[PDB]
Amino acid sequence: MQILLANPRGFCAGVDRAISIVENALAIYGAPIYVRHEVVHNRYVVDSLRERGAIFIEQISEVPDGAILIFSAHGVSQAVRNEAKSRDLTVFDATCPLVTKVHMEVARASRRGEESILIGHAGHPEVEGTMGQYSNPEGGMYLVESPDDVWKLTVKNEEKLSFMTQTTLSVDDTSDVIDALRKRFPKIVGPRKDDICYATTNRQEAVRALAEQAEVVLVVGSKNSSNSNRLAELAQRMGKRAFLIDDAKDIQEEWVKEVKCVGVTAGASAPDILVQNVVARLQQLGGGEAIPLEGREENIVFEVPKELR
């Protein structure tokens, strides 16, 4: 059975920075380090940081006075930031810079009293954080997930309207939402394309190339990872069987019995060791040497704040 590896796969720049922020804060200050939300949506990373002294919380009122608190890579609302500011806490922010860029646009529209539309999935912490940059009751902030949601939305002043997106969406489905937005609200203003980041675009292009060759695609990522679920969904929609798995122990032998080509990728929050263990298990199940596909080079790095060097 041939094993193919998608490229790119695995950690993006924001995740690598965010994890380093939590590790370096543990090495500098010691345990406990409080983190608002799973730093990244990966069970393997979160469980090991928890064992090393990180405590993951959702609400700032779970954090004791005098603590160190780090906001997760997905970002937080201004209400969460200001609640931490008013409390007796040392705060470090692991928000990815490509999330922060979206936040600043939502904050500008709020100041102006002008309405914004976010394209994203309700309940996800990045969506709560970005909708949480808007606070002017004269304007408005609306969430749409689909073209059907666009076709139901009314706004107060469609001549002064803008849109933003979650960073980790399906590139194809988001194009369909934007095309609805522009039909319904011809004067709406946005970026040239969307706010989907380079890592999400590149991992989706890579799993498209992988699924063209492979019968079955395994995506290493946790169930609560939006970007990882997009990779499994893409391969499924191409008619391939695709499974989102935490680790090699999740692989059921039926999924790959008598399969000639199996593909493996990883979401932006999954460490490489988990892919290397998946490959070793597929080799037990009859696969040969893993073959990496040719892929788009990534070259972006985000550095940790100098306070955590």
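We number the residues from 1 along the sequence you see. Just so we're on the same page, rigid core means the largest C-alpha set that superposes within 1.5 Å between forms.
Greater average departure of CA atoms from the shown form, over structures and residues in 7 other deposited structures of this protein after a core fit, characterises 55 to 63 among 55 to 63 and 262 to 270.
Mean CA temperature factor is higher for 130 to 138 when stretches 179 to 187 and 130 to 138 are set side by side in the entry. Comparing the deposited coordinates for 210 to 218 and 93 to 101, the stretch with the larger average C-alpha B-factor is 210 to 218.
Reading the B-factor column for the CA atoms of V15, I300, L285, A25 in the entry, the top value corresponds to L285. Out of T265, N42, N277, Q252, the entry records its largest CA B-factor for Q252. Per the deposited record, the Cα B-factor of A84 falls in the highest third when ranked against the other modelled residues of its chain. Ranked by C-alpha B-factor against the other modelled residues of its chain, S225 falls in the lowest third. In the PDB entry, a CA B factor belonging to the lowest third of its chain's modelled residues is recorded for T165. Ranked against the other modelled residues of its chain, the C-alpha B-factor of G113 as given in the entry falls in the highest third.
Annotation for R203: C-alpha temperature factor in the lowest third relative to the rest of the modelled chain, per the entry.
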